[PDB]
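Okay, so here's just one chain, in structure tokens, the form deposited in one PDB entry.
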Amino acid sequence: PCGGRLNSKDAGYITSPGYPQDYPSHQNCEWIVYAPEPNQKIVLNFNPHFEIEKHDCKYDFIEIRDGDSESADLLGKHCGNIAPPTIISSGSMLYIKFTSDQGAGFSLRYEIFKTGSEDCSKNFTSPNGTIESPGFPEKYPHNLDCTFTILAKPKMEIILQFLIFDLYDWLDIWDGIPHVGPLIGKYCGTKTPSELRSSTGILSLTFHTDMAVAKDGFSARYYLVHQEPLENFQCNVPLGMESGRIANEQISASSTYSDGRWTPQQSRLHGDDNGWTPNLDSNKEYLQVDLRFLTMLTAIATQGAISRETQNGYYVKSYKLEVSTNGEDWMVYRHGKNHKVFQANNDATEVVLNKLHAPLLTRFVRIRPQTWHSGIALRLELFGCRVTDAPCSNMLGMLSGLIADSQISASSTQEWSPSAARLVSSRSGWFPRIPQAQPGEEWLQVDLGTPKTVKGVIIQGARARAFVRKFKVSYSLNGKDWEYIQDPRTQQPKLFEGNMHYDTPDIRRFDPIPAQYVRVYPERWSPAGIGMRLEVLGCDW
């Protein structure tokens, strides 16, 4: 099959399907060529022996676009017997599409083009280190593509705060390796980035600058701090509305009241200044919180509000709960078959705390009022804890990028990009070759790259929406020797529960075992097929 995504670290050819034999009629290809990191560019050099149908390129043609996807800038649209001129990327990706509807076709060479710009990217080990845009305090250079990465030891959170930030041009923060781990934010204004605490192990920034008129730039600072949670520890801690660890930025809403006096940022439990009220009361409004990292959610507490101007009481009487790992794919919490409606407040000042019967692993939370008295007004707390609050329960690197593409294997794909298997990060999911396969026959495998203690996994579905319902798990030190996790009741391999939804992940724990390679074998699954993203939990020996 034609098409595909190619690492330009190796120079390679790309030709129309049978070249130099006449290309097939009525069939279209598309390739993405890409460099390792935004620092490098891509150059294409066409062979002079080029033959596509003439007319006015109405039918057959080659299109090259600057960057990626069909909507990027048109670098050139060609046909006839004259090959394109050398084409150089403005970023670190090109998109190529050959369209057909007779003629020898085309052939090109690709490779990385080198601008001479620096490799300013610094890694960070130090406990009390600082980071800033090179040249600080004076103006920052033009055309800069830089990655600052902080790596952390097992039980140590990275704290990252900013002293100044002024700046087309942008900074984005990643819950892992850039363009692999999830994005947490893209910043490019005068407003500074809110403090970040992270228990992933990795946190990275990506600074991008343009040719035109530099601003004051940015300076920031980081600490690594030890965290020993107890044995006697319950996952019911407040997540940061009242304390402010959830910063203003992280709180947002479907809309807000016109006078500007009932903003999202006022929805903090026990706040002294009104609360959040939307532009118009209906049951399709929401207040949203972006926790930034995958967090366990175990309880929601809510309040009404008393107007500071008029002393009138307003409160939500009931709500629903939507969660999401990416802010795009949402799930409404359920109580058996139908949506769960929570009973909320009965006056403007009492706090009413709803414990989820089913703890939820999520990143974004939405409260959606259903009924109310006199109007919608919320103040809110969320309770929970982080995955890494349990002993030996670190995320081993599918989500972040710490387990490279070349360490993820699959029994059989229907395509391949191993990055598509990653918990949350991935934009698709792993599908097998035959979507509707036989149980206990298809599998997905991680190479941890070292003997580890493995205490669980986190399974997710895939977006074509489908998900595993049940699975088995096997492990190995070697690669050819395999034990399945046994149920001491049946004495057959233990059947784990999968998901009830394509996005909202689920965490399964098991007794500690040694393994460098782990495998997951789907047993039952959803109609559409076997969709799966995955992460593994454990620690070092």
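One-based numbering along the sequence shown.
Although it is not shown, the form deposited in another entry is what the next lines describe.
Hinge annotation between the shown form and the other one, restricted to 494, 507, 117, 358, points to 117 (rigid-part boundary).
Between residue 325 and residue 71, the C-alpha separation shrinks by 3 Å or more in the other form, relative to the conformation displayed. Put simply, residue 37 and residue 182 spread apart in the other form: their C-alpha atoms are 3 Å or more farther than in the form shown.
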